[PDB]
């Protein structure tokens with residue numbers, strides 16, 4: 001159960017890009033839930049499947065931010 | 001905010017495979033959180049980025065199942 005941005009990247013297997021997110025202002029799950037593919041374009045994360053993971057993570061974090069059932 | 005499997009697939013943009021999950025026994029988020037790439041191999045979801053999304057969704061659903069903060 002990730003509580004921080006870093007942990008979330010570790011969760012999905014993109015901890016290789018934790019710094020990428022972090023440096024681009026994505027320091028929290030609240031930031032990462034705003035992360036989009038168009039943003040990965042900016043972050044220069046052209047890694048296709050890695051993108052797909054990052055986006056999906058952001059998708060779910062936007063709704064599943066542990067805000068109870 | 002998806003409460004069901006179908007909605008989750010819609011969330012990540014893999015509603016094309018909702019039936020795939022559903023038919024393979026993934027009818028709930030509780031099922032999908034067990035969804036792995038090796039499973040997509042079985043579901044014949046060789047769609048690389050789609051896989052990546054599906055897996056990430058399963059990753060996050062496993063921890064972020066709206067079980068509060």
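Don't worry about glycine lacking a Cβ; one is built from the backbone with ideal geometry, like all the others, and counts go over all protein chains shown. Bear in mind these aren't lab numbers, they're just calculated from the coordinates by the rules spelled out.
Give the relative contact order (percent, whole number) for chain A; include only Cα pairs under 8 Å separated by 6+ residues.
Relative contact order of chain A: 31 percent.
Compute the label-point distances linking residue B:31 to its equivalents in the other copies; points lie 7 Å from Cα along Cα→Cβ; give nm, one decimal, shortest first.
3.8
Distances from residue A:69 to the same residue in each other copy, label points 7 Å out along Cα→Cβ, in nm, shortest first?
Distances to the matching label points in the other copies: 2.1 nm.
Compute the Cα gyration tensor for the protein assembly as shown, then decide on rounded, prolate or oblate, letting a ≥ b ≥ c be the square roots of its eigenvalues: rounded whenever a/c is under 1.5, prolate when a/b is larger than b/c in the other cases, and oblate in all that remain.
Because a/c hits 1.5 or more and a/b fails to exceed b/c, the protein assembly as shown counts as oblate.
Report the Cα centroid-to-centroid distance between the stretch B:5-21 and the stretch A:49-64 in angstrom, as an integer.
Their Cα centres are 14 Å away from one another.
To one decimal in nm, how far is residue A:47 from the same spot in the other copies, if labels go 7 Å from Cα toward Cβ? Please give the shortest first.
2.2
Give the dimensionless ratio obtained when the Cα radius of gyration of chain B is divided by 2.2 N^0.38 Å.
0.99
Inside 10 Å of the C-beta atoms of B:42-52, what's the mean count of C-beta atoms belonging to other chains?
Mean partner-chain Cβ count within 10 Å for B:42-52: 3.
Restricting to DSSP H runs of at least four residues, report the calculated mean residue ellipticity at 222 nm for chain B, -39500 (n - 2.57) per run over all residues, nearest 500 deg cm²/dmol.
Mean residue ellipticity at 222 nm (helix-derived): -16000 deg cm²/dmol.
With everything on Cα atoms, drop me the angle between helix B:48-63 and the longest principal axis of chain B, reported from 0 to 90° to the nearest 10.
On a 0 to 90 degree scale, this one is about 30.
Going by average Cβ density within 10 Å per residue, which order do the peptides A:53-66, B:55-68, A:35-48, A:14-27 take, highest to lowest?
Those peptides, ordered most packed to least, come out A:53-66, B:55-68, A:14-27, A:35-48.
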